[PDB]
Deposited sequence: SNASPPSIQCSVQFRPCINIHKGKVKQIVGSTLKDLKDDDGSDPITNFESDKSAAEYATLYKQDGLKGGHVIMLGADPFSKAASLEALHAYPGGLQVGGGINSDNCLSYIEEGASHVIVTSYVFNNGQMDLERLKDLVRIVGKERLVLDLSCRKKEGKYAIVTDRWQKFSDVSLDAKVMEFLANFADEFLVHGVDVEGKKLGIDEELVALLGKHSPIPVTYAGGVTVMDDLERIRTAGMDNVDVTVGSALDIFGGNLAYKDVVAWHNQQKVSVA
């Protein structure tokens, strides 16, 4: 709870593009293998990107949710507005991963492509690193408590894998990923608070930077990210931000992000 001169928890914004529009939803209600929608807008994804660039927020992510091809064009708008500022995910694979780097993304975020038959596919994973480099790959290990563990979920969170999120998995995938992104899908988009157990896990055993996402609702929940995460876990807020129809002031969340860069001088 008291500040840290060494560590600084980053706010990592998001842009959730579904069927061509910017939305925030309860992602666990997507059934495309109607989702509960928290917010829709016709504002171009490029305007959210420009806002983040203005406030110096780096390492946020654009998600192309679903197969609709108009989501691809809206994502390139945001990446073109904020070159190098955004990670981009949503159906990244071997054949298109490099293309997203060449459109201004700093990273691609991957889950489903590196999973086959419920297992981590080592050869697919090595193909990403070969093409884009580990430094431009983010692995998303979003998960859901199942039989006492955190099972990783694939295919837009509509399939349980057979890999559980634990220390041994993170030590291994860290040889292939610059960073980890982890949604607590049970609580995601539902504006009810966060998963403290998952954040505590991510902060104890992740050897590379890890962003938690899901259910951040009030400013006090940002202080739990610090507390449970031992100042090791970055945090995403989506459905609660006032710019996505919530009650949480985006400007307050930015101020909190800058308050974490504590300088003695």
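- The deposited sequence has C-alpha coordinates everywhere except the stretches 1-3, 37-42.
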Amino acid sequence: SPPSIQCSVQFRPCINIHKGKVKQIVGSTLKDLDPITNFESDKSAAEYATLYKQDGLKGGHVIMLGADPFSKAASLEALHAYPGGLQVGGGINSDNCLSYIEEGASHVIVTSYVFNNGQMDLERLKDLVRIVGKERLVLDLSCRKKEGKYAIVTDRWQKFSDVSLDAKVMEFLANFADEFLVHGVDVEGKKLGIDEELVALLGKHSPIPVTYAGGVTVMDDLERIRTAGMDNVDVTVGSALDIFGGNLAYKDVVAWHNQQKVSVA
From here on, numbers count along this sequence of modelled residues.
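- Mean C-alpha B-factor is higher over 117-125 than over the other stretch, the pair under comparison being 188-196 and 117-125.
- Highest C-alpha temperature factor among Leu51, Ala67, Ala45, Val235 per the entry: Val235.
- Sort the chain's modelled residues by C-alpha temperature factor and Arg136 lands in the middle third, per the entry.
- When the CA B factors of the chain's modelled residues are split into thirds, the value for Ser164 lands in the highest one.
- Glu179: CA B factor lies in the lowest third for its chain, per the PDB record.
- Per the PDB record, residue ranking by Cα B-factor puts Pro207 in the middle third of the chain.
- Among the modelled residues of its chain, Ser41 has a C-alpha B-factor that falls in the highest third, as given in the PDB entry.
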